[PDB]
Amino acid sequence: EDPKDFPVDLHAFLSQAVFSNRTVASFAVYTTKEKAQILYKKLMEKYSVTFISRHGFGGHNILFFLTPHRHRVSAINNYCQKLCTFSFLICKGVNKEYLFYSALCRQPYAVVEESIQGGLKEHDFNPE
């Protein structure tokens, strides 16, 4: 059985309003390692990301990315789903950027690749 949602330990950081027509600038994707490998570079280029990271979790991968322009979650999901038939893929907006990335850099998650050397810094966002 493929996952039907992100792991529960990330729920608090994610927006559940997948049909929201508000535009946002931070997204997450949960899919296979094969599809995430491909999407890491495709999304980097498509959305001119300011940051993207790919993380492993129990054989699958999670992508996290930030964009210089805002987008609807539905648009990003549509683009990602184009790659899959087939493979599962969950796409949600991220409400708590630094907390989400931080969780993805601690067990049980691991960073596999990221687009800025040294990753995101706490000081790159305002405090909570």
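Heads up: residue numbers just count along the shown sequence, starting at 1.
A.B. asks: State which stretch shows the higher mean Cα B factor in the entry: 28-36 or 82-90.
C.D. replies: If you average the C-alpha B-factors of 28-36 and of 82-90, the larger mean comes out for 82-90.
A.B. asks: Decide which of the stretches 118-126 and 1-9 has the higher mean C-alpha B-factor, going by the entry.
C.D. replies: Comparing 1-9 with 118-126, the higher mean C-alpha B-factor belongs to 1-9.
A.B. asks: When the deposited Cα B-factors of this chain's modelled residues are ordered and cut into thirds, is residue 112 in the lowest, the middle or the highest one?
C.D. replies: It falls in the bottom third of the chain.
A.B. asks: Please place residue 18 in the lowest, middle or highest third of its chain according to the CA B-factor in the PDB entry.
C.D. replies: For residue 18, whose C-alpha B-factor we compare with every modelled residue in the chain, the answer is the highest third.
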